[PDB]
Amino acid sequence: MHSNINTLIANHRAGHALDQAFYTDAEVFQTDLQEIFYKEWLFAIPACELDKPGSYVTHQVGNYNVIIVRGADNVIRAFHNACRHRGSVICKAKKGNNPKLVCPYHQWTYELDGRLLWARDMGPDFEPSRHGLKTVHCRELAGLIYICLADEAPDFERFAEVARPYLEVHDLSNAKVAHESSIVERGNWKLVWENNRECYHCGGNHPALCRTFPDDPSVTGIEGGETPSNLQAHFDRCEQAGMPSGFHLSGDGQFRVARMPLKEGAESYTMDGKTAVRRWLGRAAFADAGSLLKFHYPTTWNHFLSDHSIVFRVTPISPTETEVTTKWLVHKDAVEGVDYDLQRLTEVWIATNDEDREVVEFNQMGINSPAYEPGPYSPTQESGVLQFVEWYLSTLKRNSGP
C-alpha cells in the first residue's frame, strides 16, 4: 500500500482528513518514526522527577530506549540504554538512583557522563575511550526535559525563548509529580493528536471537563481572526499581574502557547471548579488564572493552572497503538491529605483521558475499513486539526526531502 511517502503526500485532499494508509500502514508508521520521532525535539519528563544526583529514568521511543540521568554536578544527561560490550540494557528499571551506570551482564561500569571507567579483562588492545555510552541530545526548559534522537538536533532556542517566560510562572523546578497515569490508546498517534486539537467532540463526550473548560473554538482551535474580547481581557488581566499570556503560534506550526480563560467562576480542572491544591505551584496572582495551553509537536500538550499543572506526553508504539502519559504536578511541599486530595486532584483528567481514548479507538476502528474515505474537517470546529495535519505533512515533506 501507498507506493511511497512522496506519492501519498502528493495525493492528499486539501481540507480533508488523511488517507487510510497514514493511520494503518506499517511502512508509513516506520516513516513517521524515522522522519518525525527520530528527528525532532521530544518532551520526556519534568526535571523534578530526577530528585538527586544519580537519579534516573528510562524512556522508550519507538525502538530506542533512553537513560535520562542527573550527574554528580546536577546536570541532566541522556544516553542510549545499550552497553558497548554486547548491547545489553544497563538500567532495567523505569526509575532509580545509582552513582554509576553498571551493566548487569558483565559489569562494565560507566560514569554518569557516559565514559567507560572499568571493563574486566578486555586485553591489551582494548580502547575504553571508543566504548563510552552513545549520547542523546538533552535540554532543560524551565523545569521540563526535552530530548532528541538525531545525530544533529534542530534549533531548540527559538522554542525556548518564546516559551520560557510563560513557563516560569509555574516554578516547575520546585514541583513534584503528585500522580502519573499511562494508558495505551488503540489508535494511531496522529488520531490522538487530531482528537486533542479539537473540542468538536466535547459536548457529546466530556461531562466532567465541560464543567470548567469552554468548548469555544477560539480557545482550543487556531483562528485567523482578531482576538475575541473575552480572551483579550483575560490576557491583559494576567499580563498586568505579571503572567505572560498572549497567543503565540510558531511560524512553522510546531508549537503554541496561550493562557486561556476557563468558564465563569472556574479556577481549576476539578468537579467543583475550585483549586485542587491549597499551596499553589508558582506565582499565579489569583486563583482564576485560566489555563496556560502549550503544545509542541509531536510529543506534548499541557495545561498549567494557578494551583497545579498537568503535562502530557504522546509516544507511538505501533500503527494502531499510542501511549499517553499524564503527570499532575504540584508544589513539592504540598502534602497529600492536607493540602490536596488525590481523587479530587486527578479525577477530571483521568475521566477525560478515558473518554478521549474511547473516541480515538472507535475512530481508528472505522478507519480500518476499506470503505473509509476521508471527509472534510469543520472549518470552525476543527481549525486546530487542520493546523496539526498541515504541520505533519509539511514536516514530513521537509525532513524527507533534500
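Residue indices: 1-based, along the sequence shown.
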> Looking at the entry, does 304-312 or 260-268 show the higher mean C-alpha B-factor?
Replying inline: 260-268
> Taking the recorded C-alpha temperature factors, which stretch has the higher mean, 217-225 or 133-141?
Replying inline: 217-225
> Reading the B-factor column of the entry, which of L292, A72, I317, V177 has the highest value at its C-alpha atom?
Replying inline: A72
>> Looking at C83, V192, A153, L329, which one carries the largest C-alpha B-factor according to the PDB entry?
In response: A153
> Taking the entry's C-alpha B-factors for this chain, is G366 in the lowest, middle or highest third?
Replying inline: lowest
> So where's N230 on the chain's Cα temperature factor ranking, which third?
Replying inline: highest
> By its CA B factor, does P298 count among the lowest, middle or highest third of the modelled residues in the chain?
Replying inline: lowest
> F126's Cα B-factor: lowest, middle or highest third of the chain?
Replying inline: highest
> Against its chain's modelled residues, does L50's Cα B factor rank lowest, middle or highest third?
Replying inline: highest
